[PDB]
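Have a look at model32.cif below; it lists mmCIF, C-alpha atoms and all ligand atoms.
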data_model
loop_
_atom_site.group_PDB
_atom_site.id
_atom_site.type_symbol
_atom_site.label_atom_id
_atom_site.label_comp_id
_atom_site.auth_asym_id
_atom_site.auth_seq_id
_atom_site.Cartn_x
_atom_site.Cartn_y
_atom_site.Cartn_z
ATOM 1 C CA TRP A 5 308.958 125.321 115.666
ATOM 2 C CA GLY A 6 305.694 123.454 115.947
ATOM 3 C CA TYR A 7 304.134 120.011 116.164
ATOM 4 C CA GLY A 8 303.869 119.240 112.460
ATOM 5 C CA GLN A 9 305.729 116.753 110.253
ATOM 6 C CA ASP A 10 308.359 119.321 109.329
ATOM 7 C CA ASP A 11 308.862 121.303 112.555
ATOM 8 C CA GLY A 12 307.874 118.743 115.202
ATOM 9 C CA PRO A 13 309.685 117.642 118.427
ATOM 10 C CA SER A 14 311.968 115.187 116.629
ATOM 11 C CA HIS A 15 313.547 118.173 114.853
ATOM 12 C CA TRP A 16 313.763 120.743 117.647
ATOM 13 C CA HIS A 17 317.333 119.755 118.486
ATOM 14 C CA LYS A 18 318.281 121.249 115.127
ATOM 15 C CA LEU A 19 317.356 124.714 116.435
ATOM 16 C CA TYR A 20 317.794 124.317 120.228
ATOM 17 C CA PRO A 21 320.724 122.013 121.040
ATOM 18 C CA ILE A 22 319.747 121.877 124.708
ATOM 19 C CA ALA A 23 317.030 119.502 123.456
ATOM 20 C CA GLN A 24 319.704 116.846 123.974
ATOM 21 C CA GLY A 25 320.607 118.003 127.487
ATOM 22 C CA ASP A 26 320.882 116.077 130.760
ATOM 23 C CA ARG A 27 317.568 117.155 132.339
ATOM 24 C CA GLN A 28 315.013 117.305 129.541
ATOM 25 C CA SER A 29 311.265 116.794 129.913
ATOM 26 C CA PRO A 30 308.915 115.039 129.635
ATOM 27 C CA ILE A 31 309.900 111.539 130.833
ATOM 28 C CA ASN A 32 308.435 108.058 131.174
ATOM 29 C CA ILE A 33 307.787 107.579 134.868
ATOM 30 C CA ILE A 34 308.603 104.022 135.921
ATOM 31 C CA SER A 35 306.600 103.791 139.131
ATOM 32 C CA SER A 36 308.734 100.976 140.549
ATOM 33 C CA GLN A 37 311.917 103.025 140.107
ATOM 34 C CA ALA A 38 310.502 106.103 141.821
ATOM 35 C CA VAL A 39 312.130 106.722 145.198
ATOM 36 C CA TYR A 40 309.656 107.124 148.064
ATOM 37 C CA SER A 41 310.688 110.343 149.817
ATOM 38 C CA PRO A 42 308.847 110.946 153.122
ATOM 39 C CA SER A 43 311.131 113.915 153.841
ATOM 40 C CA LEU A 44 309.264 116.037 151.272
ATOM 41 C CA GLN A 45 306.757 118.438 152.841
ATOM 42 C CA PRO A 46 303.053 118.387 151.866
ATOM 43 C CA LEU A 47 302.295 119.795 148.423
ATOM 44 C CA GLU A 48 299.906 122.718 148.697
ATOM 45 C CA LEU A 49 298.185 124.481 145.820
ATOM 46 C CA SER A 50 296.715 127.668 147.281
ATOM 47 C CA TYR A 51 294.686 129.184 144.473
ATOM 48 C CA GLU A 52 292.294 132.160 144.470
ATOM 49 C CA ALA A 53 289.029 132.002 142.488
ATOM 50 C CA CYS A 54 289.421 135.240 140.529
ATOM 51 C CA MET A 55 293.041 135.563 139.427
ATOM 52 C CA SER A 56 292.495 134.445 135.829
ATOM 53 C CA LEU A 57 292.745 137.031 133.076
ATOM 54 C CA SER A 58 292.192 135.537 129.646
ATOM 55 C CA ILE A 59 292.123 132.443 127.464
ATOM 56 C CA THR A 60 294.312 132.427 124.352
ATOM 57 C CA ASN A 61 294.999 130.219 121.324
ATOM 58 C CA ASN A 62 298.706 130.869 120.772
ATOM 59 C CA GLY A 63 299.157 128.398 117.922
ATOM 60 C CA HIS A 64 300.758 125.810 120.204
ATOM 61 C CA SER A 65 298.029 125.220 122.811
ATOM 62 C CA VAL A 66 295.169 127.043 124.539
ATOM 63 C CA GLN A 67 296.456 129.001 127.557
ATOM 64 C CA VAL A 68 294.796 130.753 130.503
ATOM 65 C CA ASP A 69 296.943 133.551 131.923
ATOM 66 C CA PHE A 70 296.861 134.790 135.500
ATOM 67 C CA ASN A 71 297.521 137.948 137.454
ATOM 68 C CA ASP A 72 300.831 137.164 139.183
ATOM 69 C CA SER A 73 301.426 140.476 140.980
ATOM 70 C CA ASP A 74 301.505 138.742 144.350
ATOM 71 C CA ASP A 75 301.081 135.381 146.107
ATOM 72 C CA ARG A 76 297.338 134.777 145.787
ATOM 73 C CA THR A 77 297.800 131.749 143.522
ATOM 74 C CA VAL A 78 300.883 129.760 144.400
ATOM 75 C CA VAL A 79 302.229 126.272 144.721
ATOM 76 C CA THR A 80 304.340 125.461 147.755
ATOM 77 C CA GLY A 81 305.724 122.454 149.607
ATOM 78 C CA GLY A 82 306.669 119.090 148.167
ATOM 79 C CA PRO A 83 310.161 119.527 146.640
ATOM 80 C CA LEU A 84 309.820 123.328 146.594
ATOM 81 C CA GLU A 85 311.810 125.375 149.090
ATOM 82 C CA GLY A 86 309.454 128.328 148.783
ATOM 83 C CA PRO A 87 306.293 129.569 146.989
ATOM 84 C CA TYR A 88 306.056 129.824 143.188
ATOM 85 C CA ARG A 89 303.386 132.083 141.624
ATOM 86 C CA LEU A 90 301.046 130.686 138.984
ATOM 87 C CA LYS A 91 301.624 132.433 135.665
ATOM 88 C CA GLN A 92 299.454 130.340 133.382
ATOM 89 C CA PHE A 93 298.061 126.920 132.551
ATOM 90 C CA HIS A 94 297.691 125.171 129.198
ATOM 91 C CA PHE A 95 297.204 121.666 127.803
ATOM 92 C CA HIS A 96 298.745 119.027 125.525
ATOM 93 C CA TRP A 97 296.501 116.510 123.791
ATOM 94 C CA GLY A 98 296.318 113.842 121.114
ATOM 95 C CA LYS A 99 293.988 112.754 118.340
ATOM 96 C CA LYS A 100 292.945 109.578 120.155
ATOM 97 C CA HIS A 101 292.663 108.287 123.721
ATOM 98 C CA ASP A 102 295.917 106.333 123.607
ATOM 99 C CA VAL A 103 297.994 109.483 122.929
ATOM 100 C CA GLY A 104 298.263 113.090 124.039
ATOM 101 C CA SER A 105 300.036 113.407 127.393
ATOM 102 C CA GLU A 106 303.702 114.421 127.507
ATOM 103 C CA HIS A 107 304.717 112.471 130.582
ATOM 104 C CA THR A 108 303.862 108.763 130.550
ATOM 105 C CA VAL A 109 303.613 106.325 133.434
ATOM 106 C CA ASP A 110 305.007 102.836 132.953
ATOM 107 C CA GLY A 111 304.749 103.462 129.222
ATOM 108 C CA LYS A 112 301.121 104.564 129.401
ATOM 109 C CA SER A 113 299.956 107.828 127.836
ATOM 110 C CA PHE A 114 296.773 109.698 128.735
ATOM 111 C CA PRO A 115 294.656 111.568 126.161
ATOM 112 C CA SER A 116 295.708 114.929 127.592
ATOM 113 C CA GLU A 117 297.946 116.610 130.144
ATOM 114 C CA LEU A 118 297.323 119.910 131.970
ATOM 115 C CA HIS A 119 300.318 122.046 132.936
ATOM 116 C CA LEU A 120 300.076 124.695 135.689
ATOM 117 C CA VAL A 121 303.188 126.864 135.240
ATOM 118 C CA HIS A 122 304.506 128.645 138.322
ATOM 119 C CA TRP A 123 307.594 130.830 138.717
ATOM 120 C CA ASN A 124 309.921 131.836 141.555
ATOM 121 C CA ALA A 125 308.951 135.504 141.817
ATOM 122 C CA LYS A 126 310.841 135.597 145.103
ATOM 123 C CA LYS A 127 314.241 135.460 143.408
ATOM 124 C CA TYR A 128 313.555 136.608 139.833
ATOM 125 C CA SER A 129 312.203 139.882 138.462
ATOM 126 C CA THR A 130 310.324 138.454 135.480
ATOM 127 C CA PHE A 131 308.718 135.199 134.476
ATOM 128 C CA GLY A 132 311.084 135.291 131.506
ATOM 129 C CA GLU A 133 314.079 135.726 133.771
ATOM 130 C CA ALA A 134 312.962 132.789 135.911
ATOM 131 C CA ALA A 135 312.392 130.626 132.809
ATOM 132 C CA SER A 136 316.182 130.536 132.352
ATOM 133 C CA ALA A 137 317.394 129.555 135.855
ATOM 134 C CA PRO A 138 317.533 125.975 137.248
ATOM 135 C CA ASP A 139 315.302 126.898 140.193
ATOM 136 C CA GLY A 140 313.137 129.280 138.193
ATOM 137 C CA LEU A 141 310.000 127.289 137.426
ATOM 138 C CA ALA A 142 307.725 124.740 139.011
ATOM 139 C CA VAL A 143 305.186 123.087 136.759
ATOM 140 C CA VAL A 144 302.437 120.897 138.195
ATOM 141 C CA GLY A 145 301.221 118.342 135.700
ATOM 142 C CA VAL A 146 297.793 116.755 135.808
ATOM 143 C CA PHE A 147 296.749 113.854 133.594
ATOM 144 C CA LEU A 148 293.328 113.967 131.979
ATOM 145 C CA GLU A 149 291.556 110.707 131.206
ATOM 146 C CA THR A 150 288.291 110.533 129.297
ATOM 147 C CA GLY A 151 285.154 109.294 131.021
ATOM 148 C CA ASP A 152 282.561 111.307 132.947
ATOM 149 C CA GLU A 153 281.879 114.948 132.138
ATOM 150 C CA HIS A 154 283.807 117.419 134.296
ATOM 151 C CA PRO A 155 281.436 120.170 135.558
ATOM 152 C CA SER A 156 283.970 122.955 136.059
ATOM 153 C CA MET A 157 285.705 122.081 132.797
ATOM 154 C CA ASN A 158 282.596 123.221 130.914
ATOM 155 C CA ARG A 159 283.405 126.854 131.702
ATOM 156 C CA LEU A 160 286.616 126.370 129.737
ATOM 157 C CA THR A 161 285.530 124.028 126.967
ATOM 158 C CA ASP A 162 282.551 126.313 126.201
ATOM 159 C CA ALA A 163 285.026 129.173 125.720
ATOM 160 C CA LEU A 164 287.130 127.376 123.087
ATOM 161 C CA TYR A 165 284.975 128.149 120.035
ATOM 162 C CA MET A 166 285.837 131.838 120.330
ATOM 163 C CA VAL A 167 289.570 131.107 120.317
ATOM 164 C CA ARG A 168 289.489 128.262 117.783
ATOM 165 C CA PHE A 169 291.820 130.241 115.500
ATOM 166 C CA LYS A 170 295.513 130.837 116.200
ATOM 167 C CA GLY A 171 296.228 134.271 117.635
ATOM 168 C CA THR A 172 292.831 134.880 119.183
ATOM 169 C CA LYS A 173 292.125 135.631 122.832
ATOM 170 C CA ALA A 174 289.146 136.219 125.098
ATOM 171 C CA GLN A 175 288.520 137.541 128.597
ATOM 172 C CA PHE A 176 288.346 134.629 131.069
ATOM 173 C CA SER A 177 287.519 135.969 134.509
ATOM 174 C CA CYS A 178 287.090 134.148 137.795
ATOM 175 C CA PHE A 179 288.107 130.648 136.773
ATOM 176 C CA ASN A 180 289.704 128.843 139.720
ATOM 177 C CA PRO A 181 292.454 126.466 138.554
ATOM 178 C CA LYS A 182 291.760 124.474 141.740
ATOM 179 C CA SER A 183 288.649 123.222 139.937
ATOM 180 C CA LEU A 184 290.918 121.175 137.606
ATOM 181 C CA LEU A 185 292.793 119.349 140.374
ATOM 182 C CA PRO A 186 292.175 115.762 141.550
ATOM 183 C CA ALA A 187 291.178 114.977 145.157
ATOM 184 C CA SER A 188 294.674 113.650 145.814
ATOM 185 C CA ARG A 189 297.909 115.581 146.207
ATOM 186 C CA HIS A 190 300.293 112.648 145.792
ATOM 187 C CA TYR A 191 302.927 113.242 143.139
ATOM 188 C CA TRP A 192 306.175 112.330 141.432
ATOM 189 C CA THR A 193 308.907 114.970 141.191
ATOM 190 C CA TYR A 194 312.139 115.343 139.256
ATOM 191 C CA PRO A 195 314.376 118.112 137.890
ATOM 192 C CA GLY A 196 313.513 118.786 134.259
ATOM 193 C CA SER A 197 312.897 121.372 131.566
ATOM 194 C CA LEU A 198 310.376 123.335 129.578
ATOM 195 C CA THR A 199 308.764 120.938 127.081
ATOM 196 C CA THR A 200 308.659 123.590 124.342
ATOM 197 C CA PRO A 201 311.534 125.649 122.920
ATOM 198 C CA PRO A 202 313.787 127.126 124.318
ATOM 199 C CA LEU A 203 313.646 123.884 126.333
ATOM 200 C CA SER A 204 315.611 125.497 129.202
ATOM 201 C CA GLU A 205 316.293 123.159 132.127
ATOM 202 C CA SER A 206 314.691 125.435 134.692
ATOM 203 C CA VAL A 207 311.703 123.377 135.788
ATOM 204 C CA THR A 208 311.024 121.417 138.972
ATOM 205 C CA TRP A 209 308.350 119.017 137.736
ATOM 206 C CA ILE A 210 305.542 117.841 139.999
ATOM 207 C CA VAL A 211 303.338 115.290 138.263
ATOM 208 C CA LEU A 212 300.197 114.373 140.167
ATOM 209 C CA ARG A 213 299.496 110.680 140.552
ATOM 210 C CA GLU A 214 295.741 110.929 140.113
ATOM 211 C CA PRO A 215 294.250 112.027 136.803
ATOM 212 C CA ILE A 216 291.060 114.051 136.479
ATOM 213 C CA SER A 217 288.482 112.994 133.934
ATOM 214 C CA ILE A 218 286.520 114.912 131.358
ATOM 215 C CA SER A 219 283.949 113.694 128.831
ATOM 216 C CA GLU A 220 284.874 112.736 125.287
ATOM 217 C CA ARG A 221 282.618 115.589 124.206
ATOM 218 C CA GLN A 222 284.746 117.929 126.313
ATOM 219 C CA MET A 223 287.975 116.455 124.938
ATOM 220 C CA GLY A 224 286.542 116.936 121.464
ATOM 221 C CA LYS A 225 286.316 120.700 122.036
ATOM 222 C CA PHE A 226 290.105 120.815 122.373
ATOM 223 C CA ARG A 227 290.599 118.883 119.134
ATOM 224 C CA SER A 228 288.352 121.460 117.460
ATOM 225 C CA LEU A 229 290.949 124.144 118.047
ATOM 226 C CA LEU A 230 293.198 125.009 115.107
ATOM 227 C CA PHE A 231 296.976 125.318 114.761
ATOM 228 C CA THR A 232 296.136 127.740 111.963
ATOM 229 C CA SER A 233 294.870 131.299 111.618
ATOM 230 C CA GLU A 234 291.415 132.256 110.364
ATOM 231 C CA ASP A 235 292.500 132.904 106.767
ATOM 232 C CA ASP A 236 294.475 129.689 106.280
ATOM 233 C CA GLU A 237 294.023 126.029 105.412
ATOM 234 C CA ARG A 238 292.553 124.610 108.604
ATOM 235 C CA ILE A 239 294.916 122.339 110.490
ATOM 236 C CA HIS A 240 293.421 121.054 113.741
ATOM 237 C CA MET A 241 295.445 121.476 116.916
ATOM 238 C CA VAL A 242 296.225 117.867 117.909
ATOM 239 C CA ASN A 243 299.272 115.887 119.086
ATOM 240 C CA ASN A 244 300.822 119.075 120.448
ATOM 241 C CA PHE A 245 303.036 117.109 122.844
ATOM 242 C CA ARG A 246 306.750 116.333 123.149
ATOM 243 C CA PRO A 247 307.526 112.609 123.725
ATOM 244 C CA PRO A 248 309.465 111.228 126.722
ATOM 245 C CA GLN A 249 313.158 112.098 126.869
ATOM 246 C CA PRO A 250 316.201 110.231 128.290
ATOM 247 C CA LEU A 251 316.257 110.093 132.104
ATOM 248 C CA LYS A 252 320.072 110.351 132.152
ATOM 249 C CA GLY A 253 320.392 109.058 135.713
ATOM 250 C CA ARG A 254 318.000 111.574 137.237
ATOM 251 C CA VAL A 255 316.124 110.462 140.347
ATOM 252 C CA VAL A 256 312.328 110.438 140.289
ATOM 253 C CA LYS A 257 310.904 110.874 143.790
ATOM 254 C CA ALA A 258 307.375 109.943 144.832
ATOM 255 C CA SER A 259 305.364 111.236 147.791
ATOM 256 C CA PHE A 260 303.668 107.851 148.105
ATOM 257 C CA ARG A 261 304.502 104.144 148.012
ATOM 258 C CA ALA A 262 303.440 102.358 144.835
HETATM 259 N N1 LIG B 301 305.005 122.746 128.584
HETATM 260 S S1 LIG B 301 305.639 123.524 129.830
HETATM 261 O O1 LIG B 301 307.004 123.108 129.952
HETATM 262 O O2 LIG B 301 304.764 123.329 130.948
HETATM 263 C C1 LIG B 301 305.653 125.256 129.471
HETATM 264 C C2 LIG B 301 306.118 126.149 130.422
HETATM 265 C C3 LIG B 301 306.165 127.500 130.126
HETATM 266 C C4 LIG B 301 305.748 127.971 128.887
HETATM 267 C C5 LIG B 301 305.776 129.439 128.585
HETATM 268 O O3 LIG B 301 305.472 130.239 129.453
HETATM 269 N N2 LIG B 301 306.087 129.831 127.338
HETATM 270 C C6 LIG B 301 307.039 129.065 126.519
HETATM 271 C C7 LIG B 301 308.463 129.566 126.703
HETATM 272 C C8 LIG B 301 308.577 131.053 126.369
HETATM 273 O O4 LIG B 301 308.194 131.215 125.005
HETATM 274 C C9 LIG B 301 309.995 131.570 126.596
HETATM 275 C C10 LIG B 301 310.720 132.141 125.554
HETATM 276 C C11 LIG B 301 312.009 132.607 125.755
HETATM 277 C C12 LIG B 301 312.594 132.510 127.000
HETATM 278 C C13 LIG B 301 311.890 131.948 128.044
HETATM 279 C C14 LIG B 301 310.601 131.482 127.843
HETATM 280 C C15 LIG B 301 307.560 131.813 127.221
HETATM 281 C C16 LIG B 301 306.155 131.266 127.022
HETATM 282 C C17 LIG B 301 305.277 127.061 127.947
HETATM 283 C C18 LIG B 301 305.228 125.707 128.231
HETATM 284 ZN ZN ZN B 302 303.119 122.165 128.783
#
Just dump the structure as structure tokens.
Amino acid sequence: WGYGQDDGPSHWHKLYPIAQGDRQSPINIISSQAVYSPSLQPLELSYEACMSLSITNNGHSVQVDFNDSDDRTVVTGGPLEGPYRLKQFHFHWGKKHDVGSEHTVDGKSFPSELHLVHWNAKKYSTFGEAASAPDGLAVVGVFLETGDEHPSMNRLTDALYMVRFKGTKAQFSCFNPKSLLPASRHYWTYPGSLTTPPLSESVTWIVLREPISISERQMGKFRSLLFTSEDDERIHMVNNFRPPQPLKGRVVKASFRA
């Protein structure tokens, strides 16, 4: 599978039937339909500054992996009943400002979306094991808009050149994912799924209301990445996102009042 004309999202159902399930992600968030839920506890992202291991171009996105041996980088609160350990973060982006995010809000897309993937290491032995259970994952999504340069983001965008080709990785020590979070912790939450095959419906989604912004120059470093390997016809990594999927009666909760 991929994001091309022949193996893109519109065809994934041909290989993974769960693509047509009842709790698929992403979704179009209709702010007015979101249910304000004051019962939800405060969302807390407790991240350490040196838990990052490497940065990798895996052919589908650029991903930063973390040491998840313990609870030094976890997400807790909000709709979560316990702590989920951060395994990795990656991005989805487009070829222009009007497209790139997976989730959309009132029909609006952002040029990119950051996904911080956490797993329930309290009740599952492996990240892979958790990826298959309904309460296995918790992914925090952050929208990226283009505008002013993002200082901390430079550490990451400067590192992209060395992983521009599919299958290449580099050491990426002491990068604090907290540096990519907005000043607000308000969010929307709903039960969903992985947005890439196997598309298992094991994710509790937490989409932050406030986007962070990076410069167009910074965004351009992402579009410079390649879907292809070094010895192949260069195909730039762009539009690596899955479009919104049917809500199917699911309830979208919000931690704030629109
Ligand atoms: N965009 S997303 O939904 O936030 C997301 C979440 C996890 C992953 C992930 O960790 N991947 C993809 C799924 C994966 O390939 C897999 C394979 C088989 C079983 C379970 C997971 C493991 C690696 C990728 C994207
Ligand atoms: Zn993702």
Checklist entry - Skipping near chain neighbours, those fewer than 4 positions away, what residues fall within 7 Å of stretch 149-156 of chain A using all atoms listed in the file, listed as a list in words? => result residues 114, 115, 116, 183, 215, 216, 217, 218, 219 and 220 of chain A
Next on the checklist: Could you list, as a PyMOL selection string, every residue matched by the PyMOL selection byres (((not hetatm)) within 12 of (chain B and resi 302)) in this structure?
Outcome noted: chain A and resi 29-30+64-67+92-97+104-107+116-122+142-147+197-201+203+207+209+211+244-247
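Put simply, atom CA of residue A:180 is 11.0 Å away from atom CA of residue A:57.
Checking A:6, A:196, A:224, A:81 one by one against residue A:248, counting only C-alpha atoms, you find the shortest gap at A:196.
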Checklist entry - What does the PyMOL selection byres (((chain A and resi 63) around 12) and not hetatm) select in this file, as number ranges by chain? => result A: 5-8, 60-62, 64-67, 94, 167-173, 229-234, 239-242, 244
Item to check | Reference answer for the PyMOL selection byres (((chain A and resi 37) around 12) and not hetatm), as JSON, numbers by chain | outcome: {"A": [32, 33, 34, 35, 36, 38, 39, 40, 109, 110, 192, 251, 253, 254, 255, 256, 257, 258, 261, 262]}
